[PDB]
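**Q** Sequence below, structure please.
(chains A, B and C)
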Amino acid sequence: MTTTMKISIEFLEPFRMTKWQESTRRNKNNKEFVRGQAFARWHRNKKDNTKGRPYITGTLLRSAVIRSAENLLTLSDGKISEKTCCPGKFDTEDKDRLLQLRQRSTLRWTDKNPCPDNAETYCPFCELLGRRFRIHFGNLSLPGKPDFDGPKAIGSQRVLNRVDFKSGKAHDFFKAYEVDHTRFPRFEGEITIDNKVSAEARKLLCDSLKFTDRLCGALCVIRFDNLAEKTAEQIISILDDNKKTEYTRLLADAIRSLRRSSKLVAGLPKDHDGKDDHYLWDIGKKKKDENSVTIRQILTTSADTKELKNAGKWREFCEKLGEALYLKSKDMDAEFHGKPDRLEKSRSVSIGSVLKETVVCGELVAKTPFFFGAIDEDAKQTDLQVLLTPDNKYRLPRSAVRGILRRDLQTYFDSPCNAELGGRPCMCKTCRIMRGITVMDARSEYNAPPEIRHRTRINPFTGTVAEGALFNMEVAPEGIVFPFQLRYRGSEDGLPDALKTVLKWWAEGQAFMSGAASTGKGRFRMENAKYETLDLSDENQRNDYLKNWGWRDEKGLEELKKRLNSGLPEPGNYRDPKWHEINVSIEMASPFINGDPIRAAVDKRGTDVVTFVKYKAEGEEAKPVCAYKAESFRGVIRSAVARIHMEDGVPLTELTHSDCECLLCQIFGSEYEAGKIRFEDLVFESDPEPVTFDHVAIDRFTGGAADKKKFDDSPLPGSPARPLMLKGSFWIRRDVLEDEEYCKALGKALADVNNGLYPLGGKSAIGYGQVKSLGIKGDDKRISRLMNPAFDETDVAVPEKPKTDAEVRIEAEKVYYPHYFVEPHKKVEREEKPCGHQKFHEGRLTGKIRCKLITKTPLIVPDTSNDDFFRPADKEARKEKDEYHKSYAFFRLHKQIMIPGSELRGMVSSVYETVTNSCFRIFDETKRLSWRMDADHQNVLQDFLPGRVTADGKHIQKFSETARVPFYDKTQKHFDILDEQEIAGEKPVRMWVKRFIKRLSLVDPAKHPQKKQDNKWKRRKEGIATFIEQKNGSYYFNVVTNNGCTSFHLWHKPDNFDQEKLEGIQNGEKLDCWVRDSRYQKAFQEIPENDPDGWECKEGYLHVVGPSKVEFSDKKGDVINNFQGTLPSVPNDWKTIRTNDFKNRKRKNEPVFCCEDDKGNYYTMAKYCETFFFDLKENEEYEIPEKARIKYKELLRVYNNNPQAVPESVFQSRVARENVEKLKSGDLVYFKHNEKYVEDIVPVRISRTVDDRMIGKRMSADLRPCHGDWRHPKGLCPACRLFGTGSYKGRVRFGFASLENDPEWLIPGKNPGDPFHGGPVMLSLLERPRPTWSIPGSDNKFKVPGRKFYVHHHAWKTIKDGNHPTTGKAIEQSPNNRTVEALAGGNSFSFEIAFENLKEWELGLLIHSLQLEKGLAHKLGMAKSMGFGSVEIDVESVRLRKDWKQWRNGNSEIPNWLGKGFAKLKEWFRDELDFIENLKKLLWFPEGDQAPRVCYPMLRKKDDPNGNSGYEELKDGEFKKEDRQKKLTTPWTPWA
RNA sequence: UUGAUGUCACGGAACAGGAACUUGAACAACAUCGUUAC
RNA sequence: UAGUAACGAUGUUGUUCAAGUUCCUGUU
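**A** Numbering: from 1, shown residues only, chains lettered A, B, ... in the order given. Below is the structure:
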């Protein structure tokens, strides 16, 4: 007796979902079951397990149908078809149930009796209301009834908000689930109607089902009828198998960046030679073990797997791989909800019968990168994320649009709302308009990943970043189009005036929707607006509206968009939007950098930092453009304001801004109110291609490149020819331009920015940034009227340089050395506190110094961007893999000769820090030294005893003595009778050892005429002689010693005098003879066939090392000559090398072995013997500490990395040939010990000795790098206060020097008429320095000398011709020297030095270090160990700064500064200023007719035509061991 | 998997504050091998 | 029982980033 009607709803927007709770907190007393009643619910079967499906109750649809029926019944004056309708009853006497009452002011029509219950025929509204069921409403569920695994598998919980209006920051908040509508767009159910309900109630029900449009926070229309985890584990295991475990976070941040495209893995950078050993992209490979994959190979084979071919799959793989790597690198409260008021009776009111409808279509594009915070969980790498769609599309929610309409409607009026989330609806002017507004979501169809930005926070006391202030941020691209649709229904004749004014504001590009609006985030603009007003008051238009469900669906919208008239309606009352745009145009004069290291790690150029580049969208694809961040510009202007204004004593950079109305707190805002000025990004107006500059860090002692300290950067190029314009804008509020107190502050700050201070960008300490001018427009001269400069234009001249007094006595026919260290003092002061990079102090100076550099000796500053600049034309370009002859040019920026700022910074820093006797800025406190020990028995080789380590690596057992066993000879055979188990020393052998051999001579007492002078004939006694056999040269004898106790057989070689005693031998005569003993320490295997004497059989260990001591050469040495032809070839394996020739041929002395390889090398090999350790003394061992093992490790590392070694791997020793690492267990060593503790372990007889301490502990404790903690503390060296350090910014900025006259090169070029290119000159070898010649020994006597200042001379006239400086031979090219292009003497440059917050004695010392006396000169450039690079600097106008208006050129104050600097220098050191005298002696320039000839020695004396006693004779006599330091300190000592 | 005579949740902007920055001459002379003889 | 004496040859590149901070303050 029923009739089922099947309905089905279909969503057009993401609906919302509530949270599940058990059936105990489901009363009217819970505050989360209420406020969760207007959403969809989540049912789970088998309670306590999150598994179920969503559903919508029937009571909610009943309430929506009731509300639509009330809204529809007053539109036809209460008559459905024929009969009038009763007003209905909404009163209930019981209120313990009915968990929620109605607070709505029910509509009215035809007020009459409420049709009491004791009736028999009701009003159709009472049949719809339900007065066994009359109209039963059923549950709506999913079509197929599936089962998901929880509420997080269909949706995502996001946080909503509730912001304030005056202090526009926040209030409480809440959160809810939202499910996307592209995955779950359909729900189904039915409605059970009785038979005898009516024939007019069904029409009302159908019209009410068609008139309802939203159910759960969304529009609707109701109708009726495993790789990434294992790859992460593999990469982590690779990083842990090696020692590169500190590159894990950079690897994570660089791998997450590859999610943009898969064509970036085949374009990762390489090394500088084009190899495949990058420092992070090639971790894992070794010298051996080819089956070792790297990270580049892992990313390459994972780029083509037929699973990661799509973009979404590759993006997801990159994201979760980066997340896993970040998580692996890691481990090394206020919310309101509800409270609705339970009102007893609703105040029923009438609204009338006039109802219209307005549709506004169009679209709104983005003009700046927008931001919508959707920071979710389970993703902790970015910590500031954006809102995305489940298919990675950008969207703007309707909550943000609704809140922004609310804010603009409150701003159009001048009265905020005062609602408190409860009770009767609010009835102000801005809540009667907001109750008829309906908007929609967007999708933007872009589908591209967002870029990541890095931000920091700077401590304004030191200048560096604060502790713990570093975070990321991701922003959406610029230029995305969102579809827009607004709909309003009310009683007016169209739109109101407030909405028309707000839409006219939005049509001018002033719709600041959401984001970090203070730093120039999303600003949209509504375009292509259409509108059309319907009329639901009549009946011929309402039925056509109800026939097609309005026009909400896609077909209805495509039919509606053909009826809308174009152009928005003009408002009746305009309001002049409250934001004003001001343009900004900056022009620079130097390079510019805005760091980005991750892009440098992914980029294929192979640099360390690259400039910042943002993307922009063109509809489906993104293109990059270089720009300047908005946060950096905002920070610059904020710091420029904060350092001038006082506000009651303490400046604005020291306040806490807790509850203060400071001047920064009222313009730039704080954590309690929003700001009133919004900046924006700055584009560069052109296409500047980045260039590459190389840098290095020159050590102080042994001035050369320090270890691990070579780097580069890729900034944008700018020069006084092409000035790198910058364009942008920023927005200010309307009620700030009208104030006269804030505009003055902004004008003062921009006037300080314009006058040269506050450089923009990165490394401004070497001449980057340097704003030349700044000009704003668009403000009617309210701010740009205080930005006018004002100088003095005086005529005071600059005082001339004083005359020098330190002179040297240089004579002819003598040579000099070029090093001459400068020994320092012993008192470096660190008892002063640094100033602080805050407000400009009162008694300190700030300004500019303009200098003038003029060269007087050829200068070389190379342009290391390319080699082969002097390459011949019209030939082959270059072979792939070879070592050619490098040749460079001079430095150019835009085809203009320049000198960088870091060169001058380093030079002046060295001179300034050696004047004030300050801390060694950069130093190498590692790398302990080592020396080869000499070959003399008494001094060194006496203490090294033979030994052997025990079964465990803890003790060394010593031996008694040694004897040498002959190998590689022709008089025995020891290789084919001993196996490999006994020649490696792991098994004892048994040899026969002889100690003393016996010579023979016939006449002892009557031998004084000929012999008996050698004094060795003092142990002869007597002896009888026999004869048993005849030989060719020798004769047999059987001699007794004193009484016939023993007899020995020997072979005696007679001589002239012996010949006569020989003459007759009948085998039986008794000759007279004498026996003498001589030393013979040999040990053979069996027995030799020449001495059948008593050999003492002993027991010991044997060990071999291989054929060492090769005198290889290239010029047919004295032993290869006078040979017997046909030299053999090199054998491919040892144990077969024999003796070829003898060194002495009269006697049978030392044997050699001459061979010849495929090249022109000629080897001559000594060492025809090996050593045998016998007589192992037990029960006496010595322990090995850790210092011995560290010394042994350094010894092995030196042995294995040697470029001067023998090219053949057969003639090396065992230590270097087999490449071993640690001390094994059971190997022979030569150790040194004293009282149970060993000191040194060497492998061979004559090896090298490593010193115990490092080189950092051979100085004083005060001269070490003045770095560390010992606001900032007071422990800083006097040179780390002018120039910076880590955790303290320096207050001196240098600048790019530029040439102004004509070049005037050294040698003319190849093309006449083009005076802008020079000719090439070829240099000498230029080999790296040796610190093992200044520190000769290692005990305690040799400390570290000074700072290695090179002397001035003229030795470039010999290189100009083509000879060598030491000899006179012509130099020949090779793949080890360069061919540079140089300038000549008589060129002029000009640069500028900016300083701030200096004292009056630091400026005097800086001027004394810039300009020297009138007889000295500086030295910069390349190859200044010859005569190359000699400059002098003259100082021009020194214009100071005293206020933000006037600058007061102070040329007339220099001598007071110089006197104060000298007075401070006298105060520190009383009368011990000898280091300044030495430094003035070392900077002396030969004024005239003096030609000091300096050069380095040669190796020996026989290889230079002058014969000047090279290094191998200078180690004895002059520079022996104790005069080295002394003779290298005196500024001009004769080279001898 | 809801209750019926009463749901303005299209009744609520994840908003407000923060300088990828600090320090650094692209430079530079004496070492490397071990034993041989009595 | 036991150790004493210092000699012979002339050739060759190296570093290519390092030390720091890598997240906080708050809504009623």
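**Q** Can you give me the neighbour number for residue A:921?
**A** 20 (other Cβ atoms under 10 Å). Every residue, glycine included, has its C-beta placed from N, CA and C.
**Q** Would you confirm that it contacts residue A:914?
**A** No. Using Cβ atoms under 8 Å, residue A:921 makes no contact with residue A:914, being 10.6 Å away.
**Q** tell me, what's touching those two both at once?
**A** Overlap of the contact sets of residue A:921 and residue A:914 (by Cβ atoms under 8 Å, 6 or more residues apart in numbering) is empty.
**Q** Name the next helix or strand following the longest helix along chain A along the chain.
**A** Longest helix of chain A, by residue count under DSSP state H: helix A:311-330. Counting by DSSP states H and E, the element after helix A:311-330 in chain order, helix or strand, is strand A:356-366.
**Q** So which elements touch the next helix or strand after that following strand?
**A** Later in the chain than strand A:356-366, the nearest helix or strand by DSSP H and E is helix A:398-412. Judged by 3 or more Cβ pairs under 8 Å, 6 or more residues apart in numbering; DSSP states H and E, helix A:398-412 is in contact with helix A:497-506.
**Q** Next, see if the next helix or strand after the helix it packs on gets close to RNA strand B.
**A** Downstream of helix A:497-506, the next assigned helix or strand under DSSP H and E is strand A:524-535. No. For strand A:524-535, no contact with RNA strand B is found by Cβ under 7 Å from any atom of the strand; the gap never falls below 12.5 Å.
**Q** Now do the buried residues in strand A:524-535.
**A** With burial defined by 16 or more other Cβ atoms under 10 Å, the residues of strand A:524-535 counted as buried are A:524, A:526, A:529-531, A:534.
**Q** repeat for stretch A:1001-1015
**A** Going by 16+ other Cβ under 10 Å, stretch A:1001-1015 has these buried residues: A:1001-1004, A:1012.
**Q** Which one of the residues you listed is nearest to residue A:1474?
**A** Residue A:1474 lies nearest to residue A:1012 out of the buried residues of stretch A:1001-1015, by Cβ to Cβ, at 63.6 Å.
**Q** Report the secondary structure state of the closest residue to RNA strand B within the stretch 851-1000 of chain A.
**A** Across the stretch 851-1000 of chain A, the shortest distance to RNA strand B (Cβ to the nearest atom of the strand) belongs to residue A:906, at 2.1 Å. Classification of residue A:906 by DSSP: H, G, I helix; E, B strand; the rest coil places it in helix.
**Q** burial measure for it, as a count.
**A** For residue A:906, the count of nearby residues is 19 (other Cβ under 10 Å).
**Q** Near the nearest residue to it once chain neighbours are set aside, how many residues? Count them for me, please.
**A** Once flanking residues are discounted, residue A:906 sits nearest to residue A:698: 6.4 Å by Cβ to Cβ, 6 or more residues apart in numbering. The number of residues packed around residue A:698, counting by other Cβ under 10 Å, is 14.
**Q** domain parsing for chain A?
**A** A:2-224, A:228-330, A:356-577, A:585-695+A:710-777, A:801-873+A:882-929+A:1251-1536, A:984-1103 (automatic domain parsing).
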